[PDB]
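Take a look at this single chain in structure tokens; it is the form deposited in one PDB entry.
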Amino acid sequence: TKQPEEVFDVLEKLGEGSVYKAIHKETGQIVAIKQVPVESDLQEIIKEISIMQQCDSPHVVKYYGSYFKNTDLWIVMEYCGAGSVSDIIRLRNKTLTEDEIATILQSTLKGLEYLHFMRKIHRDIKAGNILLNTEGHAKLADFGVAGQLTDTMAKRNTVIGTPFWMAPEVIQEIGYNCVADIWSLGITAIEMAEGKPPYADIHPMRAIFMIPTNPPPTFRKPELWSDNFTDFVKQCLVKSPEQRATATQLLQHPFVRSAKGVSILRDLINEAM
């Protein structure tokens, strides 16, 4: 009920909808505030907030609430100071090591296990939608295209996501379920190792045509990568969604199961900031 500027001291812009770092003045907690015009298209803003409000997981970006200020909507969220994994790759101009990827994807998979239990499908898993806080904890972000299964709707059939990362069953007319995110996770693993997903240099509308017919992608330089990492990607990129591994099962994959603690990401985060 209080004016947003009395609750929050807005600091630096982080992004440009438009995102600001801010201090919650009563607790000293740092938050991220997304500001959008109330007259803008709010379709995915409304979707993403509805999904985040239903989530309570250390592996999913928290939503704290919304204010009107003048003719803007302020969306208050958990602050992830290291930014996205794709930001960290770009800023350091370096791909991630196997150990760094195992640690990030362990936390990503715990977030997917939580969403999938709640019958949610992220549908836009990619390095750009995995954020790190300054302590190195990975959180799922951008729920703007997330789907919800129900008692009466056991499958979604909307062709939606970001083409290079989309599962074959999502692209094809057939309905699909939570394990579409596991395919996207496999593409994300390659993206973190190589800096870009398979087919990154071809037209996205051409790539979407080939993903359903092509064999599962593999590493560009297979000799660089352990048997465990190679097998982890192969298991994620099983074309049959019925056969594809779940988040729970991949948390036991040898690539993920022995991931190092978030300390392995300290150098990484320091360099990026």
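Numbering starts at 1 and runs along the sequence shown.
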query: Continuity check for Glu16 and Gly17, given as deposited residues lacking coordinates between them; finding: 1 to 3
query: Of 53-61 and 33-41, the stretch whose C-alpha atoms average the higher B-factor in the entry; finding: 33-41
query: Mean C-alpha B-factor comparison - 258-266 and 245-253, higher one; finding: 258-266
query: Given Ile190, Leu73, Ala127, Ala180, the residue at which the Cα B factor reaches its maximum; finding: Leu73
query: Maximum C-alpha temperature factor, selected from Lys47, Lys234, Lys221, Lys239; finding: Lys221
query: Modelled-residue ranking by C-alpha temperature factor, third containing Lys155; finding: middle
query: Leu91 - which third its CA temperature factor falls in, relative to the rest of the chain; finding: highest
query: Cα B factor band for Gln172 (lowest, middle or highest third within the chain); finding: middle
query: Third of the chain, ranked by Cα B-factor, where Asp99 sits; finding: middle
query: Where the record places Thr134 (Cα B-factor, split into thirds across the chain); finding: highest
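What comes next is about the form deposited in another entry, which is not displayed.
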| query | finding |
| --- | --- |
| Hinge (C-alphas switching from one rigid part to the other between this form and the one not shown) among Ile202, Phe164, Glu78, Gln235 | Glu78 |
| Relative Cα spacing, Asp41 and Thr150, in the other form - shift of 3 Å or more | closer |
| Direction of the Cα shift between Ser40 and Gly161 in the other form, where the change is 3 Å or more | closer |
